[PDB]
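Each remark here refers to the structure printed beneath this line.
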Amino acid sequence: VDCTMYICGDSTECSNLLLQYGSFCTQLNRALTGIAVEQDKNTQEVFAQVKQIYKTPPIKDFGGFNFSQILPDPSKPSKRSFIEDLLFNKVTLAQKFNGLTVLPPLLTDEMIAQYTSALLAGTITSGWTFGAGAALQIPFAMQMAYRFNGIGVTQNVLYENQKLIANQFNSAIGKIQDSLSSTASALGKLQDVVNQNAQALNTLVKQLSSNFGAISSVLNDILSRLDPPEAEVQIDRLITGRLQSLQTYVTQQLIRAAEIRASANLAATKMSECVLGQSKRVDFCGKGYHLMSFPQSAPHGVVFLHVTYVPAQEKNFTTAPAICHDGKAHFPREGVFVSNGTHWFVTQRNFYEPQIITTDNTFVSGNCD
Amino acid sequence: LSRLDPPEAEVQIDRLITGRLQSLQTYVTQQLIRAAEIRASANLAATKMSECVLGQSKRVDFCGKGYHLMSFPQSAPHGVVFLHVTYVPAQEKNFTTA
Amino acid sequence: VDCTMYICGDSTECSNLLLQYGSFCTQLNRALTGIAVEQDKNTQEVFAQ
Amino acid sequence: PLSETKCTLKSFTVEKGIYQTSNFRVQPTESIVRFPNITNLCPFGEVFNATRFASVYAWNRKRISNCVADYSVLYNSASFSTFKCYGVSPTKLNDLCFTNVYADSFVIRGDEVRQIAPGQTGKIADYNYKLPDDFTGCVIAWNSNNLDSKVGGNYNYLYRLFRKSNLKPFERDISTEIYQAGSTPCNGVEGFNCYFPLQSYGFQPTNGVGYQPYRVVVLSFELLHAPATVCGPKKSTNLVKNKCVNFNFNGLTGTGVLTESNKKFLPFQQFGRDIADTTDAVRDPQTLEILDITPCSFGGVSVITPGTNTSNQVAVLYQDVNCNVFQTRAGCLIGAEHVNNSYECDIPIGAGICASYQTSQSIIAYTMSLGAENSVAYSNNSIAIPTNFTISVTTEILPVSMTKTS
Amino acid sequence: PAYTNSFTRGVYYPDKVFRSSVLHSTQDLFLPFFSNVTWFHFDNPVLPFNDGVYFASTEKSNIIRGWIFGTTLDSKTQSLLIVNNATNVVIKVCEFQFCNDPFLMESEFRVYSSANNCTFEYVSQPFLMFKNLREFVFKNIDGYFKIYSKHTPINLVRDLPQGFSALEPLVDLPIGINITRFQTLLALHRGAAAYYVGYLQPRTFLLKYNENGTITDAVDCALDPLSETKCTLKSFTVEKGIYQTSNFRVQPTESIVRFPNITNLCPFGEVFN
């Protein structure tokens, strides 16, 4: 807000009534432009946890896993990506005129996607090495296998069921544009946070039809219709409600302002954990056991894509927490024991595969009874 | 109140008294989202306050980048000045599995 | 909180001068009613599990 | 441009990074004037005191258009005393151009000049002359003491005196028997409670100054909805494009560049606005074309800094100013030897463009870098085993409490 | 008597100040949508203003020759005239006598009853030359008089056509005879008529002006609780939800005044008697 032209506009004596008078709209700027640097800083650490582009490899031959929805592609102007094509027409909006201004953001919407294009590469390329530093090689199929050992899934099964994972993963990715190709209200929190600024700008401008005890709502009539060594009183009250409306607008922005950062620090932390590191904390990024994520662009936010390991098709098997054999206990290394009513078996916690009760899978201690 | 008369001072007093406590309005908002910036940094202190400190738990990227040793705490406000010993290995070999 | 019931009451000239301010009334509700959905979504996002 | 936020934080020292400036339009030149061609200046003979402006229940109507409107051609034709303007400025009238203009004469009594106003209450209020509150124009009475004052009482106009109830606002009324207020009706016999509202005047100059008549013009004019050509007398100039100049198209000013369009604008409709309350399409009434006011305010500026005490040479980021320059993607990067190497970031610009002060020497900018992407052993029958130590720690501070308030 | 639905008509500009594509609101007087209307025909009785006139004429007829906006019908409570002389809008403001039923090979001139006390005479371009349909707006508070109309041929000769249309500022007049009642004017040549008179009252509207600055839609702030929400979100289309908009209470009726027990007993009256 350029302050004086919001209050008075192009008038000497209205400004010369505004200068017995310290530093309101000075400090109102230093209020507002003080926040103005910070959203760019909020834009800063919410993506820039890397230090240049990882270039995705030109061959796209990753074990059958399709990825044609999340990379950028030069069909568009070389930078936007495929889900984001569906995105950036689904949030539509003020103007430049009297009183106000709109500075641009620090980074541009073309190059917000530039860091995202970087991030998807390395987490396909090398995985969570590049959260640390230099990044060793990994091929994507065995990393996913190495990824399942975080949540106790015995990592044979990903080698053992490589093909079945593929099309389920692929069609789930195509489902997420299907979840947004028609219409969702779930764009939502993006849509209003632009919209509530617009009405806030609109309720800023709509103030200026006020009379506030004066006989006008324009400036120059007070100059014209009555006498400037008496009608400055008619200016005098007209200042302060406009000063109040500016005072409210700086206020009611400021409450929501760092409320965004308080949301955004949560946003960057999920960008910190759930993009880089295969976390353990449950119910934190998507419903289910966390596997990995893939982030995209947004007009003023970020949209994550998560991936969760969801169990299905349970079959209750008869269990017992202890085996005695020659008077000694037998406790499983992980998982528990099951039986199909007939013979006992050994498996892990979260995927069914029986084995044979061995010396290997167990260890002994203590007496029996 | 003294020089201006309450008929034509009342539109001056209209947004004088009504506007003055709109300026710690400024201040407390400036306070609490530095305070809640630390009231959650309390929790961010609580992230590595005790977990890799009183004893040891086992979360990647919550005991510092590296597999953690222990701590020895000292006094501060907005502080307790840790030395979180996390074991990122530096130099890389191989041994040839079979 | 009503704007008009809190300022005015059994008067009209009260409200007639208030119509000079008229943005200020509906200013306050969207502040306060916004708290109401804010409180509800908190009670949602805690126990909608 | 490095010295532009020392005073924004109001201090004799500036830090390192990237700051902001004042605004960016592109440098303005001129102020064009565009008025339609009507030869006629508006004649003010038979509106302002010519010979006879009759009844308080009958005004001399003339539909006034097809002429150039001006305000300093009144004071000659009558003996004015009172100028009382609403909805409009009293002297910005040749700074404008109206739509569907009127100049509207009548006469008042001298004791009750006061309630000729939008609703002063008393005996001035249910039997004559009535218009809603939303009226834009002036109210003009004048001195006149010669022609409307005879030697035997002025019997030259009626006034209606009685009426029951209230109304909506704007009309006229004939019909004319003996009035009935309450009981004992009239039916054209003039009984009791059947009042005789047509009651003799006493307008004489021997009667006092409060008992004189006052002829009143109330001016009536409106701003730009029908296409009108009534525009004032401050004569015309050329018409320009691709620049931001002052204009005046039929009474709405603005600030913007006139660019061309191709649309089928319905040809009886003067101006327009788009979705977010700004005028998009402007008509000129000479050549019959529609121009689009592209708002000439367009631009943003930045400046890459290390400060004053350290140095005094610049690196520029003219952000939305089109362009030793180079061109990176958060703005036009001058003061900036664009190098081809790659190092860490000190002052970022965007898309991995950062600037710093490296190796007379000038501030340089560049593209940033991840580190050594290499190719170490992939043998199937190998695994990687670290064993050495030279011990120290990896620190962080962590915050416990802070300040309270009252 | 002969009520018909007042569908959509009864609009006008408050004045002509420029605003386009902006949903704007004022506090003025307008036609309540979905109300009755006075369909009157052979017989033309007098009509009181009744705090409302929205006139509408009929088609198939150039027969209507203006109006008798009225008080009492003689020459005693000062006068109007609005006619058409088949070429021009003749406005006398002359004081004509008791033409309670004035009518007109051209038969005319029964309405000319007393040509005395003429104080305004007027000639301009005529108001109107499946036939064009006339509608008008008729009121009084502090000043002038309107002429607001638009004319369109349509079917449905007697009943009101639906569809929404603006009205236009034609002809505006500071005359000076504040109104009790009214009556019409027609003709004959040598009386089977139809017309409508509406009613307006103070009521907030929300107005749509088009992309070009012309009325295309409006709503009412008292017709339903639906448009009440439209009257407070400044928009036509609102979203599925819930909107606190306005408030009510219960009005007082008796307004009692209660005071302590009587007879503190001044002995003032003893010196009088």
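Values computed for the structure shown
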read-out	value
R0 of 45 Å, Cβ-Cβ distance A:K96-B:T86: FRET efficiency to nearest 0.05	0.30
Residue-span extension gain [A:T183 to A:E259] - 0.36 nm each, minus C-alpha spacing	24.6 nm
For residues of B:13-20, the mean tally of beta carbons on other chains within 10 Å	4
Qualifying trypsin sites (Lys or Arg not before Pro) for the range A:263-331 [loop in DSSP, other Cβ within 10 Å: at most 11]	A:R281, A:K287, A:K315
Cβ-placed point charges (K, R +1; D, E -1), dipole of the range D:278-406 about Cα centre in debye, nearest 20	420
Euclidean distance between Cα centres, the range E:236-273 to the range B:57-98, Å	77
No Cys partner within the rule (Cβ under 4.7 Å), chain E	E:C99, E:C266
Long-range amide H partners of A:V307 with built H, under 5 Å	A:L291, A:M292
Shielding score for E:231-240, defined as the mean number of other chain Cβ atoms within 10 Å	1
Most positive-pole-ward Cα, E:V238, E:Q27, E:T216, against dipole of the range E:3-249 from beta carbon charges	E:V238
Peptides ranked, highest mean first, by Cβ atoms within 10 Å: ranges A:112-123, E:20-31, A:329-340	A:112-123, E:20-31, A:329-340
Cβ-Cβ FRET estimate between D:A181 and E:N155, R0 fixed at 56 Å, reported to 0.05	0.75
For B:53-64, mean number of other protein chain Cβ atoms within 10 Å	3
Span from the the range E:1-46 Cα centroid across to the the range D:15-50 one, whole angstrom	39
Neighbour-limited loop hits for chymotrypsin sites (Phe, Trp or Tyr not before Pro), the range D:148-251 (at most 12 other Cβ within 10 Å; DSSP other than H, G, I, E, B)	D:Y155, D:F192
Cross-link pairs beyond the 29 Å C-alpha cut-off, checked among A:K79/A:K175; A:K270/A:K315; A:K79/E:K234; A:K206/D:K263; A:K76/B:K65; A:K76/D:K16	A:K270/A:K315; A:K79/E:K234; A:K206/D:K263; A:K76/B:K65; A:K76/D:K16
Hypothetical label at B:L4: residues of the range A:1-45 whose amide nitrogen lies under 18 Å (7 Å Cα-Cβ projection)	A:7-8, A:13-25
Those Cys residues of chain A for which no other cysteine Cβ falls under 4.7 Å	none
Using θ = phi - 60° and Karplus 6.51 cos²θ - 1.76 cosθ + 1.60, couplings along the range D:74-91 (whole Hz; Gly, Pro as x)	9, 6, 5, 8, 8, 9, 7, 9, 9, 10, 9, 10, 9, x, 6, 7, x, 10
The range A:95-111 - phi-based ³J(HN,Hα) in whole Hz, Karplus 6.51/-1.76/1.60, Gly and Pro as x	10, 9, 6, 2, x, 10, 6, 9, 6, x, x, 5, 8, 9, 5, 5, 9
Most to least packed among D:275-286, D:34-45, A:227-238 [average Cβ atoms within 10 Å]	D:275-286, A:227-238, D:34-45
FRET E, pair E:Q251, E:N116, Förster distance 60 Å, beta-carbon r, rounded to 0.05	0.70
Counted charge near A:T26, where neighbours are those whose Cβ lies closer than 13 Å (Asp, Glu -1; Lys, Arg +1)	+1
Positive dipole terminus of chain B, leading residue within B:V81, B:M70, B:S41 (C-beta point charges)	B:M70
Highest average packing first - D:20-30, E:107-117, Cβ atoms within 10 Å	E:107-117, D:20-30
Computed magnitude of the charge dipole of the protein assembly as shown (debye, nearest 20; Cβ of K, R +1, Cβ of D, E -1)	800
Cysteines not pairable in chain D (beta carbon separation under 4.7 Å absent)	D:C7
Under 5 Å, built H, 5+ apart or other chain: amide partners of D:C138	D:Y86, D:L219, D:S220
Options D:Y57, D:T176, D:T39, ranked by Cα towards positive dipole end of the range D:35-182, top entry (Cβ charges)	D:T176
Contact order relative to length of the range A:215-369, as percent, for alpha carbon pairs under 8 angstrom and 6 or more apart	11
Charge dipole magnitude, Cβ of K and R +1, D and E -1 - the range E:3-249, Cα centre, debye nearest 20	200
Long-range HN-HN contacts of E:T204 with modeled amide H, under 5 Å	E:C221
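FYI, it's all coordinate maths here, none of it is from the lab. Cβ sites come from the backbone with ideal geometry, for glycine too, and all protein chains shown count toward neighbours.
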